[PDB]
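The data below hold one chain only, encoded as structure tokens and taken in the form solved without the partner chain.
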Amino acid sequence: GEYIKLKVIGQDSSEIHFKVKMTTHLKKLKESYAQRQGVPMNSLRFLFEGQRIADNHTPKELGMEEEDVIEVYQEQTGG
């Protein structure tokens, strides 16, 4: 077990932090975040350094560290 805190930043500049393990499938984070915004998880896309976070990605796989940022955008097409 090894935990890290990630900062999730939404379209309106709000932030929610998540404490997760390096091995945590990031679907859990996506679901929780969408839940707290009251929108369906599949209306959102979650990006790390601009790349899409897959349900089965982990922080270790993406090379995330303590206090890294995840951005949340509306799912495309919309700009």
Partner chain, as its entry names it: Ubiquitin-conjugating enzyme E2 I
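Numbering follows the first chain given and starts at 1.
J.: Please compare 39 to 47 with 26 to 34 and name the stretch with the higher mean C-alpha B-factor in the deposited structure.
T.: Of 26 to 34 and 39 to 47, the stretch with the higher C-alpha B-factor average is 39 to 47.
J.: Looking only at CA atoms, which has the higher mean B factor in the entry: 63 to 71 or 8 to 16?
T.: Result of the comparison: 8 to 16.
What comes next is about the form solved in complex with the partner chain, which is not displayed.
J.: Counting only non-hydrogen atoms and a 4.5 Å cut-off, give the residues of 40 to 56 close to the partner chain in the deposited complex.
T.: Contacts from 40 to 56: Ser43, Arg45.
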